[PDB]
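For what it's worth, full-length UniProt numbering labels the leading residue of the sequence shown as 1, then goes sequentially.
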Amino acid sequence: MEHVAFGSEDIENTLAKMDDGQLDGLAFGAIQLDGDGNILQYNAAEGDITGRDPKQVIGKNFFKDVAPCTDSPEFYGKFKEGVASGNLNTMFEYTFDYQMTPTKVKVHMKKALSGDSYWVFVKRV
Ligand SMILES: *C(=O)/C=C/c1ccc(O)cc1
């Protein structure tokens, strides 16, 4: 297993070195989005939590296609405020309930070290 703790202060530096295969060794869900919300990376732990097949969601828009329950001021609204500002670091609890059993999770959104990319980390609560 890859040893990185959910919510670590330097998580973006640690994950910058990770290929899709190493991202799959994380103890929590990790999704990398571009500024428009398109999925660039989606790890195995995230698929375990949500039921989505990782390879199938890459390239889809997270807010429009995959996760409509997140299209709200409380999730997507925070993401879009962060992209526009060029800075994002927020953690909050949320319930995923689209085409799945309602599941309570802790979400951490953070701007990646890379230019136009943002991370969404997820763990069960
Ligand atoms: C609500 O529509 C949430 C859906 C969802 C959350 C996280 C995922 O990775 C996939 C779908």
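Ideal Cβ placement from N, Cα and C applies to all residues, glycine included.
**Study point:** Start and end residues, alpha helix (DSSP H) containing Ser85
**Key:** 76-85
Check your understanding: With residue 165 and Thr90 assumed to form a contact (beta carbons below 8 Å), what rounded beta-carbon distance in angstroms separates them?
Key -> With the chain running from 1 to 125 in the structure shown, residue 165 is simply not present.
Check your understanding: Cβ-heavy atom distance between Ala112 and ligand 1 below 6 Å?
Key -> no
**Study point:** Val107 beta carbon near ligand 1 (any heavy atom closer than 6 Å)
**Key:** no
Point to revise | Neighbour flag for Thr14 against chain B, beta carbons, 7 Å | key: Among the protein chains of the structure shown there is no chain B, as only one such chain exists.
Review point. If you count every other CB in all the chains shown that lies within 10 Å of the CB of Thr50, and 16 or more means buried, which is it?
Key: buried
Check your understanding: So which of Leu23, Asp97, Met109, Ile11 has the shortest CA-CA distance to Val66?
Key -> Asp97
Exercise for review: May I have the straight-line CA-CA distance separating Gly59 from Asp116, to the nearest angstrom?
Suggested key: 15 Å
**Study point:** Under the three-state DSSP convention, the category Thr14 falls into
**Key:** helix
Exercise for review: Would you mind sorting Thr101 into buried or exposed? The rule is 16 or more other CB atoms within 10 Å of its CB.
Suggested key: exposed
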